[PDB]
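Participant: Pasting my_file27.txt here (compact mmCIF, C-alpha atoms):
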```txt
# COMPACT_ATOMS: atom_id res chain seq x y z
CA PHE X 29 -25.98 38.07 -38.59
CA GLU X 30 -27.16 38.14 -42.21
CA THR X 31 -30.83 38.02 -41.07
CA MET X 32 -30.76 41.29 -39.13
CA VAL X 33 -32.93 43.86 -41.00
CA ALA X 34 -31.90 47.36 -39.94
CA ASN X 35 -34.03 50.21 -38.63
CA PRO X 36 -34.51 53.25 -40.89
CA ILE X 37 -34.23 56.65 -39.25
CA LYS X 38 -36.91 58.82 -40.85
CA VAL X 39 -36.35 62.57 -40.89
CA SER X 40 -39.96 63.85 -41.44
CA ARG X 41 -39.09 67.13 -43.24
CA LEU X 42 -41.21 69.47 -41.10
CA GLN X 43 -39.28 68.29 -38.04
CA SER X 44 -35.95 69.04 -39.73
CA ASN X 45 -36.70 72.69 -40.54
CA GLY X 46 -37.95 74.82 -37.70
CA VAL X 47 -39.17 73.06 -34.55
CA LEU X 48 -39.14 75.34 -31.49
CA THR X 49 -37.90 74.35 -28.04
CA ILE X 58 -49.16 75.83 -23.12
CA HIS X 59 -49.33 76.93 -19.48
CA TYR X 60 -46.08 78.93 -19.37
CA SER X 61 -47.82 81.81 -21.14
CA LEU X 62 -50.04 82.71 -18.19
CA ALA X 63 -53.44 83.34 -19.72
CA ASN X 64 -55.07 79.89 -19.45
CA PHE X 65 -56.28 78.43 -16.17
CA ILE I 741 -36.25 60.91 -58.25
CA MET I 742 -37.09 60.95 -54.55
CA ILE I 743 -35.49 62.97 -51.76
CA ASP I 744 -36.99 61.66 -48.50
CA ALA I 745 -35.29 58.25 -48.32
CA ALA I 746 -33.87 57.31 -44.93
CA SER I 747 -30.23 56.53 -45.92
CA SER I 748 -29.11 55.82 -42.35
CA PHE I 749 -29.66 52.68 -40.34
CA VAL I 750 -29.08 51.38 -36.81
CA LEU I 751 -28.58 47.71 -35.81
CA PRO I 752 -30.42 46.62 -32.63
CA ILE I 753 -27.48 44.96 -30.82
CA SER I 754 -25.74 47.35 -28.44
CA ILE I 755 -22.10 46.81 -29.40
CA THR I 756 -21.09 50.07 -27.66
CA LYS I 757 -17.96 48.76 -25.96
CA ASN I 758 -15.02 49.63 -28.25
CA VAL I 759 -16.87 52.33 -30.18
CA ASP I 760 -16.07 55.81 -28.94
CA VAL I 761 -14.16 56.82 -32.09
CA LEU I 762 -16.97 56.45 -34.68
CA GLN I 763 -20.02 58.69 -35.18
CA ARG I 764 -22.64 57.85 -32.56
CA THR I 765 -26.31 58.98 -32.56
CA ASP I 766 -26.83 59.93 -28.90
CA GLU I 788 -25.78 53.48 -30.89
CA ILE I 789 -23.81 53.49 -34.15
CA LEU I 790 -25.01 55.16 -37.34
CA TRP I 791 -24.73 52.96 -40.45
CA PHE I 792 -25.16 54.81 -43.74
CA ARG I 793 -26.14 53.55 -47.19
CA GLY I 794 -22.89 54.60 -48.88
CA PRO I 795 -19.27 55.28 -47.91
CA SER I 796 -17.66 58.56 -46.96
CA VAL I 797 -15.79 60.97 -49.25
CA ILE I 798 -12.26 62.06 -48.30
CA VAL I 799 -11.34 65.48 -49.70
CA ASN I 800 -7.66 66.42 -49.46
CA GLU I 801 -7.83 70.22 -49.55
CA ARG I 802 -10.93 72.35 -49.84
CA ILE I 803 -9.53 75.46 -51.58
CA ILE I 804 -8.24 75.11 -55.15
CA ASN I 805 -5.17 77.14 -56.14
CA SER I 806 -6.39 78.52 -59.45
CA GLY I 807 -3.18 79.83 -61.03
CA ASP I 808 0.08 77.83 -60.64
CA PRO I 809 1.16 76.35 -64.05
CA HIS I 810 1.05 72.88 -62.52
CA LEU I 811 -2.70 73.48 -62.90
CA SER I 812 -3.23 76.43 -65.26
CA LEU I 813 -1.15 74.91 -68.14
CA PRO I 814 0.03 77.91 -70.23
CA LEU I 815 0.45 77.45 -73.98
CA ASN I 816 4.18 78.28 -74.08
CA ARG I 817 7.34 76.15 -73.86
CA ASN I 855 7.67 64.73 -70.84
CA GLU I 856 8.81 66.09 -67.47
CA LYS I 857 8.05 64.96 -63.93
CA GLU I 858 8.18 66.82 -60.61
CA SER I 859 7.76 65.38 -57.11
CA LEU I 860 6.30 68.33 -55.25
CA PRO I 861 6.38 68.35 -51.43
CA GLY I 862 2.95 67.28 -50.19
CA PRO I 863 -0.46 68.51 -51.30
CA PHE I 864 0.10 71.75 -49.37
CA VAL I 865 1.42 73.56 -52.46
CA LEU I 866 -2.11 73.48 -53.93
CA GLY I 867 -3.98 74.88 -50.94
CA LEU I 868 -3.26 78.57 -50.14
CA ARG I 869 -1.47 78.34 -46.91
CA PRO I 870 -0.44 81.57 -45.16
CA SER I 871 3.18 82.22 -44.32
CA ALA I 872 4.31 82.13 -40.71
CA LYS I 873 5.63 85.70 -40.49
CA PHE I 874 2.09 87.05 -40.92
CA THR I 875 0.79 84.67 -38.27
CA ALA I 876 3.46 85.82 -35.83
CA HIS I 877 2.67 89.44 -36.75
CA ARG I 878 -1.01 88.82 -36.02
CA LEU I 879 -0.25 87.05 -32.74
CA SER I 880 1.88 90.06 -31.82
CA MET I 881 -1.12 92.25 -32.69
CA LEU I 882 -3.22 89.99 -30.42
CA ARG I 883 -1.58 91.38 -27.26
CA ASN Y 5 -51.49 87.06 -26.96
CA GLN Y 6 -49.93 86.08 -23.58
CA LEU Y 7 -51.78 88.82 -21.67
CA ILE Y 8 -54.01 88.32 -18.63
CA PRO Y 9 -57.52 89.79 -18.98
CA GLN Y 10 -58.18 92.77 -16.74
CA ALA Y 11 -61.03 91.32 -14.68
CA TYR Y 12 -63.17 88.20 -14.14
CA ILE Y 13 -61.72 87.00 -10.81
CA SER Y 14 -63.56 87.69 -7.55
CA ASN Y 15 -62.02 85.27 -5.05
CA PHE Y 16 -63.36 86.97 -1.94
CA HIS Y 17 -65.78 84.51 -0.34
CA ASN Y 18 -63.14 81.79 -0.02
CA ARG Y 19 -60.97 84.19 1.97
CA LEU Y 20 -64.06 84.94 4.05
CA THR Y 21 -64.24 81.19 4.78
CA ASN Y 22 -60.50 80.49 4.79
CA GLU Y 23 -60.23 80.01 8.62
CA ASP Y 24 -56.62 81.32 8.50
CA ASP Y 25 -57.46 84.92 7.61
CA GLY Y 26 -58.90 86.63 10.66
CA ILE Y 27 -62.03 88.02 9.00
CA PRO Y 28 -64.94 88.38 11.48
CA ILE Y 29 -67.63 88.39 8.77
CA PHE Y 30 -68.20 84.62 8.53
CA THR Y 31 -67.70 81.75 10.94
CA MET Y 32 -68.60 78.66 8.89
CA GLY Y 148 -37.61 85.66 0.20
CA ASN Y 149 -39.81 85.46 3.30
CA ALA Y 150 -42.54 87.81 2.06
CA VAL Y 151 -46.06 86.59 1.37
CA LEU Y 152 -47.04 89.00 -1.44
CA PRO Y 153 -44.74 90.44 -4.17
CA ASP Y 154 -45.63 94.08 -3.66
CA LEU Y 155 -42.00 95.02 -3.02
CA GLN Y 156 -40.16 92.35 -5.05
CA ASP Y 157 -39.75 92.32 -8.82
CA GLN Y 158 -40.26 89.10 -10.76
CA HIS Y 159 -38.19 89.94 -13.89
CA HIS Y 160 -41.31 90.30 -16.06
CA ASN Y 161 -42.59 86.74 -16.04
CA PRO Y 162 -46.12 86.50 -14.58
CA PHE Y 163 -45.49 82.79 -13.88
CA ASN Y 164 -43.18 83.82 -11.01
CA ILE Y 165 -46.22 85.10 -9.09
CA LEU Y 166 -47.40 81.48 -8.91
CA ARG Y 167 -44.64 80.76 -6.38
CA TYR Y 168 -46.45 82.75 -3.70
CA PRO Y 169 -48.81 80.53 -1.71
CA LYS Y 170 -51.69 83.01 -1.39
CA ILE Y 171 -51.75 83.79 -5.12
CA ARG Y 172 -52.15 80.41 -6.74
CA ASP Y 173 -54.95 80.23 -4.16
CA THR Y 174 -56.71 83.01 -6.06
CA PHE Y 175 -56.16 81.45 -9.48
CA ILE Y 176 -57.12 77.89 -8.50
CA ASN Y 177 -60.05 78.67 -6.19
CA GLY Y 178 -61.24 81.74 -8.11
CA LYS Y 179 -64.44 82.23 -10.08
CA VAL Y 180 -65.80 84.61 -12.73
CA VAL Y 181 -68.03 87.50 -11.67
CA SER Y 182 -70.35 89.86 -13.56
CA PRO Y 183 -70.26 93.55 -12.58
CA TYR Y 184 -73.17 94.98 -10.64
CA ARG Y 185 -74.55 98.12 -12.22
CA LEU Y 186 -76.32 101.15 -10.83
CA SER Y 198 -79.54 117.75 2.06
CA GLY Y 199 -77.62 120.32 4.08
CA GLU Y 200 -76.19 118.44 7.05
CA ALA Y 201 -75.27 114.77 7.39
CA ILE Y 202 -76.46 112.80 10.42
CA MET Y 203 -74.35 109.73 11.17
CA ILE Y 204 -75.98 106.66 12.74
CA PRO Y 205 -74.09 103.43 13.54
CA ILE Y 206 -75.81 100.21 12.47
CA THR Y 207 -74.98 96.78 13.85
CA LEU Y 208 -75.72 93.57 11.97
CA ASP Y 209 -75.98 90.17 13.66
CA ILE Y 210 -77.73 87.39 11.71
CA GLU Y 211 -77.25 83.65 11.99
CA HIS Y 212 -77.94 81.81 8.74
CA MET Y 213 -77.23 78.10 8.06
```
Would you encode the structure as structure tokens?

Facilitator:
Amino acid sequence: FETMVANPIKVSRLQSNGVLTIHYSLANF
Amino acid sequence: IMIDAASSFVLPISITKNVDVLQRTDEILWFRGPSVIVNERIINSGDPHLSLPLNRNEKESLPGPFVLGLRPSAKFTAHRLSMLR
Amino acid sequence: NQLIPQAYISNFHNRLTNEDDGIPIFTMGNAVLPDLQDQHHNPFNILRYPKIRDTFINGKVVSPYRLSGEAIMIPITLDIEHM
């Protein structure tokens, strides 16, 4: 069990701040 | 002095059988240091137990930590629940 | 942004050769068009009507063509086979 290097969770600062939640603005066919 | 270290880790083995009480990601989150338990958030800033006036070896076993934490009295809470409806 | 341009679609010849629309020019809810039903101000809702994504998918872009005391009316017939 002592040979089980763990996985870092990286935050990536621009993802942490202001990410919103393109065809659904109908101007582009 | 850096800021953007990871400081949380996840082990690959899914041990999610007896773990519904811990903090899950949605696995188990494993941090790089322990937690910090804080008794009461609000300091009571007067109270000569803490203020220490300069006038006049003694011990005192106070009931709980709730003396030092600004709790409201129950008559106001009943008055406000009467004002509720 | 997010506004449709006012022109540039002239899907008329495909409805001439649709074979469902009864146009005699060529040979070779439950409504169909939302002219009585609001769509709550999303244009994307008009893509649920089956004759209207027909005019966005099969459409093209057109360029605009640019240009006596008693009338005598004469009827003119036109009958030409072509390909």

Participant: I'd like the interatomic distance between atom CA of residue 748 of chain I and atom CA of residue 795 of chain I, to a tenth of an Å.

Facilitator: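 Those two atoms sit 11.3 Å apart.
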
Participant: Give me, please, the distance in Å between atom CA of residue 59 of chain X and atom CA of residue 159 of chain Y, quoted to one decimal.

Facilitator: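 For atom CA of residue 59 of chain X relative to atom CA of residue 159 of chain Y, the distance reads 18.0 Å.
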
Participant: May I ask you to extract the residues of chain X within 10 Å of chain I, using only C-alpha atoms, and to give them as a list in words?

Facilitator: residues 32, 33, 34, 35, 36, 37, 38, 39, 40 and 41 of chain X

Participant: What residues in chain X have any atom no more than 7 Å from chain Y when counting all atoms listed in the file, and can you write them as a list in words?

Facilitator: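 My answer is residues 60, 61, 62 and 63 of chain X.
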
Participant: Would you compute the distance between atom CA of residue 31 of chain X and atom CA of residue 789 of chain I? Give it in Å to one decimal.

Facilitator: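 Atom-to-atom, atom CA of residue 31 of chain X to atom CA of residue 789 of chain I, that is 18.3 Å.
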
Participant: Which residues of segment 162-203 of chain Y come within 10 Å of segment 12-32 of chain Y, and for each one, what is the closest pair of atoms and their distance in Å to one decimal, counting only C-alpha atoms, sorted by chain and residue number, as a Markdown table?

Facilitator:
```
| residue | atom | partner | partner_atom | distance |
| --- | --- | --- | --- | --- |
| Y:170 | CA | Y:19 | CA | 9.9 |
| Y:173 | CA | Y:15 | CA | 8.7 |
| Y:174 | CA | Y:15 | CA | 5.9 |
| Y:175 | CA | Y:13 | CA | 8.0 |
| Y:176 | CA | Y:15 | CA | 9.5 |
| Y:177 | CA | Y:15 | CA | 7.0 |
| Y:178 | CA | Y:15 | CA | 4.7 |
| Y:179 | CA | Y:13 | CA | 5.5 |
| Y:180 | CA | Y:12 | CA | 4.7 |
| Y:181 | CA | Y:12 | CA | 5.5 |
| Y:182 | CA | Y:12 | CA | 7.4 |
| Y:183 | CA | Y:12 | CA | 9.0 |
```

Participant: Once you count all atoms listed in the file, which residues end up no further than 7 Å from (-3.2, 74.3, -57.6) in the file's frame, shown as a VMD selection string?

Facilitator: chain I and resid 804 to 808 810 to 811 865 to 867

Participant: Would you mind completing segment 814-876 of chain I to N, CA and C atoms and writing the output as a tab-separated table (two decimals), keeping the file's coordinate frame?

Facilitator:
```
chain	number	residue	atom	x	y	z
I	814	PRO	N	-0.11	76.92	-69.15
I	814	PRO	CA	0.03	77.91	-70.23
I	814	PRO	C	0.46	77.29	-71.54
I	815	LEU	N	0.24	77.99	-72.65
I	815	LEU	CA	0.45	77.45	-73.98
I	815	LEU	C	1.86	77.70	-74.52
I	816	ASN	N	2.83	77.95	-73.65
I	816	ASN	CA	4.18	78.28	-74.08
I	816	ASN	C	5.20	77.35	-73.44
I	817	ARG	N	6.11	76.85	-74.27
I	817	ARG	CA	7.34	76.15	-73.86
I	817	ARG	C	7.08	74.89	-73.04
I	855	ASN	N	7.96	65.65	-71.93
I	855	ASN	CA	7.67	64.73	-70.84
I	855	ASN	C	8.58	65.00	-69.65
I	856	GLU	N	8.06	65.72	-68.66
I	856	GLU	CA	8.81	66.09	-67.47
I	856	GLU	C	8.00	65.77	-66.23
I	857	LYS	N	8.68	65.28	-65.19
I	857	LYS	CA	8.05	64.96	-63.93
I	857	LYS	C	8.56	65.90	-62.83
I	858	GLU	N	7.77	66.02	-61.76
I	858	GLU	CA	8.18	66.82	-60.61
I	858	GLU	C	7.48	66.28	-59.37
I	859	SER	N	8.27	65.87	-58.38
I	859	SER	CA	7.76	65.38	-57.11
I	859	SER	C	7.66	66.56	-56.15
I	860	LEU	N	6.48	67.17	-56.11
I	860	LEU	CA	6.30	68.33	-55.25
I	860	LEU	C	6.16	67.88	-53.80
I	861	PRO	N	6.58	68.70	-52.84
I	861	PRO	CA	6.38	68.35	-51.43
I	861	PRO	C	4.91	68.47	-51.04
I	862	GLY	N	4.29	67.33	-50.74
I	862	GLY	CA	2.95	67.28	-50.19
I	862	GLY	C	1.85	67.80	-51.09
I	863	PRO	N	0.62	67.83	-50.58
I	863	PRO	CA	-0.46	68.51	-51.30
I	863	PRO	C	-0.57	69.97	-50.92
I	864	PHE	N	0.22	70.41	-49.94
I	864	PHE	CA	0.10	71.75	-49.37
I	864	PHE	C	0.55	72.87	-50.31
I	865	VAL	N	1.14	72.54	-51.46
I	865	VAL	CA	1.42	73.56	-52.46
I	865	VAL	C	0.12	74.07	-53.07
I	866	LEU	N	-0.88	73.19	-53.20
I	866	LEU	CA	-2.11	73.48	-53.93
I	866	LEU	C	-3.23	73.98	-53.02
I	867	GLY	N	-2.92	74.63	-51.90
I	867	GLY	CA	-3.98	74.88	-50.94
I	867	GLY	C	-4.01	76.20	-50.20
I	868	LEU	N	-3.25	77.19	-50.66
I	868	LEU	CA	-3.26	78.57	-50.14
I	868	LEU	C	-2.93	78.62	-48.65
I	869	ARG	N	-1.74	78.19	-48.33
I	869	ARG	CA	-1.47	78.34	-46.91
I	869	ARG	C	-0.79	79.67	-46.63
I	870	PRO	N	-1.09	80.30	-45.49
I	870	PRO	CA	-0.44	81.57	-45.16
I	870	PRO	C	0.98	81.33	-44.67
I	871	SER	N	1.81	82.35	-44.81
I	871	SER	CA	3.18	82.22	-44.32
I	871	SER	C	3.23	82.58	-42.84
I	872	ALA	N	4.28	82.10	-42.17
I	872	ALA	CA	4.31	82.13	-40.71
I	872	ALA	C	4.62	83.52	-40.16
I	873	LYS	N	5.27	84.37	-40.96
I	873	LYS	CA	5.63	85.70	-40.49
I	873	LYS	C	4.38	86.56	-40.29
I	874	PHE	N	3.37	86.38	-41.13
I	874	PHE	CA	2.09	87.05	-40.92
I	874	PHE	C	1.38	86.53	-39.68
I	875	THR	N	1.48	85.23	-39.42
I	875	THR	CA	0.79	84.67	-38.27
I	875	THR	C	1.45	85.12	-36.97
I	876	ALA	N	2.77	85.24	-36.97
I	876	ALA	CA	3.46	85.82	-35.83
I	876	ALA	C	3.18	87.31	-35.68
```
